[PDB]
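For reference, the structure is listed below as structure tokens.
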């Protein structure tokens, strides 16, 4: 029984979630990025890297 | 459909001893393709999506059926 592989992108959603209602100074708050396009390996951990040309897109501020 | 429906034929030696055939048929009708858009109005770069529901274009229950766009 043959099985096909589908190439398809996804819509990302970058969200900043402060630990409280105000982002005061000296408070590290998590940044959550949901992007299936950067998950290029299902058996390992993919870490973004400016030095890695394979990682095409990196968030910036 | 009706008298022209796809019918499979299979001979058989019955318990009596005659070679009577046994057959079964199932209709394979078509469907009216319906295409519609998610919204009545769209803005610039509103990401319009085309939903086509027509079961006759499925040519394999295993593989994912796709239709590309001609560039020629």
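Chains as they are written, first to last, in PDB author numbering: chain A, 446 to 506; chain B, 796 to 867. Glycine included, each C-beta is placed from N, C-alpha and C at the ideal position.
I'd like to confirm something about residue i: is its beta-carbon nearer than 7 Å to some heavy atom of the ligand HEM, or not?
i                     : result
residue 808 (chain B) : Looking for the ligand HEM in the displayed structure turns up nothing, as the structure carries no ligands at all.
Residue i CB to nearest chain B CB: under 8 Å?
i                     : result
residue 469 (chain A) : no
residue 448 (chain A) : yes
residue 451 (chain A) : yes
Segment contact flag, the segment 452–462 of chain A with the segment 477–485 of chain A, C-beta cutoff 8 Å, min 3 pairs:
yes
Residues of the segment 837–865 of chain B with a CB closer than 7 Å to any CB of chain A: list them in chain order, please.
857, 858 and 859
At least 3 beta-carbon pairs within less than 8 Å: the segment 809–817 of chain B vs the segment 830–850 of chain B
no
Please give me, in chain order, every unbroken run of the beta strand (DSSP E) with length at least 3 that falls completely inside the segment 446–484 of chain A.
458–461 and 476–479
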